[PDB]
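Have a look at the structure below, then the notes.
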Amino acid sequence: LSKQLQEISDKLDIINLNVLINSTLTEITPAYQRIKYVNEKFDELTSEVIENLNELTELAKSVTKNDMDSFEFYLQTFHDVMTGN
Amino acid sequence: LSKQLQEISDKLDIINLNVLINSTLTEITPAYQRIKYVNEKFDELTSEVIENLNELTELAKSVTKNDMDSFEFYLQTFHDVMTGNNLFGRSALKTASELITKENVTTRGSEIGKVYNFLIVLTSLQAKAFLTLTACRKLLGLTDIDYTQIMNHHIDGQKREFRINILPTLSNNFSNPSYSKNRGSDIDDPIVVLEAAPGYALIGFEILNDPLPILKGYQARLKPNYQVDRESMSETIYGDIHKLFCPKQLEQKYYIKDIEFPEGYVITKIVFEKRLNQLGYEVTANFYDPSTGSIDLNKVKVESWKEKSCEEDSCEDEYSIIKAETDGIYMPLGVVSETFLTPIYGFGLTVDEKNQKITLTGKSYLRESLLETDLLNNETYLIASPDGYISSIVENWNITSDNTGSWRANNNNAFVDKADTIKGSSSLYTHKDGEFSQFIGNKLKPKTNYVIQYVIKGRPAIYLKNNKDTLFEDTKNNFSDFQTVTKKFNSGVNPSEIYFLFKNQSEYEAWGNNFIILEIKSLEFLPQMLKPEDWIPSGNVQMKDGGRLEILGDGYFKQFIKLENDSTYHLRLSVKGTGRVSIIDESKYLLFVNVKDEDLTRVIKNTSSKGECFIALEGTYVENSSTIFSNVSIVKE
C-alpha cells in the first residue's frame, strides 16, 4: 500500500506539472506560433523573383503594421510570459 | 484499500491524459476550427449565384491574404502541432493515440485502426484545405504557387511521425460487446461446427438475441497480404446458441481452450462441442500463403481440447464451471469479431462465471493485415466489420437504385418513392393499390428455420406467400421512419412457390427496404444410441416430430438398447404430459421414475446387465394428458 501511495504521489507531481505547462501554453502559444511562422517565412532575407518578393512585401506590411494585434505585441507578450509578468 | 488505490491510480491516468489533451487543444484548436470552416464553406467549389459567388470571392480574398494570421499560417501551425514542433516536444498524434488507447471501451476496431483513422481525418482535412487554397487563388485570378509540394511534405512528415513514434504499439484480441440471458439446454448435447468453405477462412462471429439466441457467421476468400475478398463474403446463421452456451438449471463445463496456431495458419474449421454441459470445441486451422492469397489446404492443425495434453494427464482440465441460475447465463450478445476483415488464427473460450459472462475470443491477423498495406500505402482494401445481415434470400435486399428487377412494380403510382437519394435510403413504396412481387419460393426449403430482418416506414403490408399461404407477414404498426425488424420464422411444409409481396397496409402510402432472409441452421446434437426406427409404438401411439414419441392416453414406446455392466449412461429427456420412463432389468427396477412435465437428469452407476435392457417410454392412466417426451438422449458416458 505504501508503494502504491508513492506511485500515486509521483503521478500527482507529473499531473500538477502538466497543469502548469497548460497554463504557460495558454499564455505563450499564440505569440510563439506567430513568431515561428514569421521567422521561417523570412529565412532567405534574414540569412518567381517578383512573385515571392511581392508575397513577402505584403507579409512585411502585415508585420510592421502598428495594431493591437501587431508583431511587436506578440514579441512583448512572449517576453512578459518568459519573465513572469 | 488496495482496490480503492488501483481505482485511484486509473483515475489519475485518465486525468493526466485529459490534461495532455487540453495542452494539444490549446495549441491546435484555432487552426483546426478555421481550416474546418474554410473547408465546409468552399465545398461546392472543391467538389443567388451572383450573391454566393461575390460572398465566396470576398472569402477567397480573406483566405489568400498574406498576413501573420493568414490561412497559410493556420495550415503551418496545424502541421507543426501534429508533428510535435511545439514549445515543449509533444505531438497531437501522441496525445490522440494515448486518448484512443484509454477510451477504447465500446470501440469496434483496434488501437492501430482507430489512431490511423484519426490520422486519416486530419490528413484529409489538410489536403482539402490546400485544395480550397488553390481553388481560392484560381477564383481570384492570382498566380499558382503549387501547394502540392508543401502538402506532400506535411502529409509525409505526419505519416512518418505516426510510423516511428506511434504505431510500434497494440494487440489483436476481440470479444463480444454485451451479454444475454436466455435459458439454454442441458438436456441436449449441442455440437456446433463453424467451418469455412474450402477457399475461405472464418472471418468473424456474431451473437443475436433479438430474433432469438443465434450465431451469425461470415466466411470469405483470403486475398494476398492477409486481406479478404469482399464479394466472396457470405453469412451463415445457426439456431438457439443460448442452448449452445447457456445452461438451464444445471451447471455447464466450459473448456477454456485458447486454440492458437503459428503464423500463416487460418481457421478453416471450428467445432463447438457441448456434451453433458462440457463446452469444449475442436478447431482445425489450415495454413495460408501470406502473399497471393491462396490458403493452402494441406497444412492443417487440430488442437481440439489438447493444449493441456502436452503437460497433464488430466487433459479434462483447462475448463471452467458456470452455474446455471434460473434465468439462464450471460451468453455473449452482439459480435465477437475484428474491426476490419482478416483471417483469425487463434481462438479461445473466455467465459466469466463470476458474472456468467460467456465471452468468445478469436485471434485475428489484422495487425499484420494492415501493417503491410496502408503503412506502405499500396492498395488498402479496407472493409470494417459489419453489424447486421449483408446476405439475404431477397435479391436487391434493400434496393440497388431505380431498379427492382427481383420485385415487380405492379402499379404505376406504386413506384419507388425516391428512386434517387431524395427519401433517405433506398426503399420500396406502395400506395392505394401497391404491391411488389418477387419469386423466392424456389429458394425456400420445407421445415427449416429462417431469420427475418427488414426496414419499413409508414403503412406497409409485408407478405411472404405463394398466393395460397403466407410464410411471413406484417401489415401493422405504422411507424415514424424506417424501423428495423429482426425476427424469425419456420419455412413452410412446401414453400417451393412462396414469393414476396410487399404491399401497402391500407390506401395510405407505404415504405420499406432491407429485406433480409436467411436460413437458421437447426441446432444439431451429438449422436447417442437412441434411434427412432427401432422404437416399437406400444398402444395408441406414433413417432413424432421433435423426437417426441406421443403417448395418446396410455401405452408406451419401447426399443432395445444394450446397457453394459461397466459403462454409465445418461438418460436426458423432458416430457409433455405425465409420463413414466423405465430402466428395468428382467425382474428389478434399475430405475423407477415418473415424469410429469419436466426433464430427466439421471446418472446411473454400474448397471448390472443380464442382457435384457430397454426403455418403455410410457405415460400414466389419465385420458387427457397425451404423454409427449421431448429429447431422446441415453448418451453413453
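A short reminder: the numbers here are calculations on the coordinates, not readings from a lab. Quick reminder, even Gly has a Cβ in these numbers, built from the backbone with ideal geometry, and neighbours come from all protein chains shown.
Sorted from largest down, what three extents in whole angstroms do the Cα atoms of the protein assembly as shown have along their principal axes?
Here the Cα extents, ordered largest to smallest, are 115, 78, 48 Å.
Work through the residues other than A:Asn18 whose Cβ is under 11 Å from its Cβ and net out their charges, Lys, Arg +1 and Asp, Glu -1.
Details: positive: A:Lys11, B:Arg90; negative: A:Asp13.
The answer is +1.
Among the chymotrypsin sites (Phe, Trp or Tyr not before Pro) within the range B:84-122, which fall in a DSSP loop and have no more than 16 other Cβ atoms within 10 Å of their own Cβ? List each step's numbers first, then the result.
On the way: sites: B:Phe88, B:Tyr116, B:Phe118; in loops: B:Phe88.
In loop regions of the range B:84-122 (DSSP not H, G, I, E or B), the sparsely surrounded chymotrypsin sites (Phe, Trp or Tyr not before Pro) are B:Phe88.
Along its three principal axes, how long is the range B:154-256 when you only count alpha carbons? Whole Å, largest extent first please.
Cα extents, longest axis first: 63, 30, 27 Å.
From the square roots a ≥ b ≥ c of the eigenvalues of the alpha-carbon gyration tensor of the range B:514-637, which class results: rounded (a/c under 1.5), prolate (a/b over b/c), or oblate?
Details: a/c = 2.13, a/b = 1.33, b/c = 1.60.
Verdict is oblate for the range B:514-637.
Express the relative contact order of the range B:172-225 as a whole percentage, based on alpha carbon pairs under 8 Å and six or more residues apart in sequence. Numbers along the way, then the final one.
Details: 48 pairs, mean separation 15.9, N = 54.
Once divided by the residue count of the range B:172-225, the mean separation gives 29 percent.
Quick one: if you stick a label point 7 Å off each Cα along the C-beta vector at B:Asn494 and A:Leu20, how many nm between them?
Those two pseudo-labels are separated by 8.8 nm.
In whole percent, what relative contact order does the range B:464-570 give with Cα contacts below 8 Å and a gap of six or more residues?
Working: 83 pairs, mean separation 19.5, N = 107.
Value for the range B:464-570: 18 percent.
So which trypsin sites (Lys or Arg not before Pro) in the range B:274-315 pass both tests, a DSSP loop state and at most 14 other Cβ atoms within 10 Å of the Cβ?
Values: sites: B:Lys274, B:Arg275, B:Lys299, B:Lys301, B:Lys306, B:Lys308; in loops: B:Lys306, B:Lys308.
Sparse-neighbourhood loop trypsin sites (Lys or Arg not before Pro): B:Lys306.
At most 15 other Cβ atoms within 10 Å and a DSSP loop assignment: could you name the chymotrypsin sites (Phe, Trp or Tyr not before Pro) in the range B:511-617 that fit? Could the numbers behind the result be given before it?
Values: sites: B:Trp511, B:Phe515, B:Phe525, B:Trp535, B:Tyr556, B:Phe557, B:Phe560, B:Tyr569, B:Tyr589, B:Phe592, B:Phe614; in loops: B:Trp535, B:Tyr589.
Hits after loop and neighbour filter: B:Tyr589.
Give me the extension gain from B:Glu311 to B:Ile256: residue separation times 0.36 nm, minus the current Cα-Cα distance, reported in nm with one decimal.
On the way: separation 55, 0.36 × 55 = 19.80 nm, distance 1.56 nm.
So the extension gain works out to 18.2 nm.
I'd like the Karplus ³J(HN,Hα) series for the range B:607-616: coefficients 6.51, -1.76, 1.60, θ = phi - 60°, whole numbers in Hz, and an x wherever there's a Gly or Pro.
8, 4, 10, 10, x, 7, 9, 7, 10, 9
Search the structure for amide H atoms under 5 Å from the amide H of B:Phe525, placed 1.01 Å from N in the peptide plane, and list their residues when 5 or more places away or on another chain.
Those qualifying (amide H under 5 Å, at least 5 residues apart or on another chain) are B:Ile191.
Compute log10 of I(q)/I(0) for chain A with the Debye formula, placing one identical point scatterer on every Cα and leaving out solvent, at q = 0.15, 0.22, 0.25 Å⁻¹, to two decimals.
Relative scattering, expressed as log10 I(q)/I(0), comes to -0.71, -1.06, -1.18.
May I ask for log10 I(q)/I(0) of the range B:252-327 at q = 0.26 Å⁻¹, from a Debye sum over the Cα atoms as equal point scatterers with solvent left out?
For the range B:252-327, the Cα-only Debye profile gives -1.14.
Percent relative contact order of the range B:182-322, based on C-alpha pairs within less than 8 angstrom and at least six residues apart?
Numbers: 337 pairs, mean separation 37.2, N = 141.
Relative contact order, the range B:182-322: 26 percent.
Taking the Cβ of each residue in B:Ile322, B:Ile536 as the centre, tally the other Cβ atoms inside 10 Å and list the residues starting with the fewest. Let's see the in-between values first.
Working: B:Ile322 24, B:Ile536 12.
The most exposed by this proxy come first: B:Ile536, B:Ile322.
Can you give the calculated 222 nm mean residue ellipticity of chain B, where each DSSP H run of n ≥ 4 adds -39,500 (n - 2.57) and the sum is split over every residue, rounded to the nearest 500 deg cm²/dmol?
On the way: 9 runs with 143 residues, N = 637.
Counting only the DSSP helices, I get -7500 deg cm²/dmol.
Please grab the % of Cα pairs in the range B:21-150 that end up more than 24 Å from each other. Working shown, then result.
On the way: 3157 of 8385 pairs.
Above the 24 Å cut-off, the range B:21-150 has 38 percent of its Cα pairs.
Around B:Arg580, with a cut-off of 15 angstrom between Cβ atoms, what is the net charge of the other residues, counting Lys and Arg +1 and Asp and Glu -1? Write down the numbers at each step before the final one.
Numbers: positive: B:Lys558, B:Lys576, B:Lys596, B:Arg602; negative: B:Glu550, B:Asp554, B:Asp597, B:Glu598, B:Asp599, B:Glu618.
Within the 15 Å Cβ shell, the charges total -2.
For a bin width of 5 Å, list the pair-distance distribution of the range B:79-225 built from all Cα-Cα distances, rounded to whole %.
Whole-percent P(r) values from 0 Å outward: 2, 7, 11, 12, 12, 11, 10, 9, 8, 6, 5, 3, 2, 1, 0, 0, 0.
Between B:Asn173 and B:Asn152, what is the label-to-label distance in nm when each label sits 7 Å out along the Cα-to-Cβ direction?
4.4
I need two numbers for the range B:155-213: Rg to one decimal and Dmax as a whole number, Cα atoms only, in Å.
For the range B:155-213, the Cα-based Rg and Dmax read 20.4, 63 Å.
Along the range B:508-524, what does the Karplus equation 6.51 cos²θ - 1.76 cosθ + 1.60 (θ = phi - 60°) give for ³J(HN,Hα), rounded to whole Hz, x for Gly and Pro?
Rounded to whole hertz, the list is 5, 9, 10, 8, x, 5, 6, 5, 9, 9, 8, 6, 9, 5, 4, 4, 10.
Would you mind checking which residues have amide H under 5 Å from B:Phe557's amide H? H placed 1.01 Å from N; only 5 or more apart, or other chain.
B:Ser538, B:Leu617, B:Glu618
Return the Rg/Rh ratio of the range B:371-427 with Cα-based radii and a Kirkwood Rh.
Working: Rg = 17.4 Å, Rh = 14.6 Å.
Across the range B:371-427, the Cα-based Rg/Rh ratio is 1.20.
Could you pull out which residues in the range B:115-132 have an amide N less than 20 Å from a spot 7 Å beyond the Cα of B:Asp43, following the Cα-Cβ vector?
Within reach of a label on B:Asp43, which here means backbone N under 20 Å from a point 7 Å along Cα→Cβ, the range B:115-132 contributes B:121-132.
Which value, in debye to the nearest 20, gives the size of the charge dipole of the range B:298-408 about its Cα centre, when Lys and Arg are +1 and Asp and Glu are -1 at the Cβ? Mind dumping the intermediate values first?
On the way: 10 positive and 20 negative charges, 61 e Å.
The dipole of the range B:298-408 has a size of about 300 debye.
Using only the alpha carbons of the range B:575-637, determine the length spanned along each of the three principal axes and report them from longest to shortest in whole angstroms.
Principal-axis extents of the range B:575-637 (Cα, largest first): 37, 24, 13 Å.
What number does the range B:370-464 give for Rg over Rh if you use C-alpha atoms and the Kirkwood radius?
Working: Rg = 18.0 Å, Rh = 16.3 Å.
Rounded to two decimals, Rg/Rh equals 1.11.
At 0.36 nm per residue, and after removing the present C-alpha to C-alpha distance, how many nm does the segment from B:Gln483 to B:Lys544 gain when stretched out fully? Don't skip to the end; give the middle numbers.
Details: separation 61, 0.36 × 61 = 21.96 nm, distance 3.93 nm.
Stretched out fully, the B:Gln483 to B:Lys544 stretch lengthens by 18.0 nm.
From other protein chains only, count the Cβ atoms within 10 Å of every residue's Cβ in B:57-67, then give the mean.
Mean number of neighbouring Cβ atoms from other chains: 2.
Please work out how much length the chain gains when fully extended from B:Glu524 to B:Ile321, using 0.36 nm per residue of separation minus the C-alpha to C-alpha distance, in nm with one decimal. Before the final figure, lay out the partial values.
Values: separation 203, 0.36 × 203 = 73.08 nm, distance 2.31 nm.
So the extension gain works out to 70.8 nm.
What is the sum of charges around B:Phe162, taking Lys and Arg as +1, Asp and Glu as -1, for the other residues whose C-beta is under 11 Å from the C-beta of B:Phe162?
Numbers: positive: B:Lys94, B:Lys159, B:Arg160, B:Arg163; negative: B:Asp156, B:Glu161, B:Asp374.
Overall, the nearby charge balance is +1.
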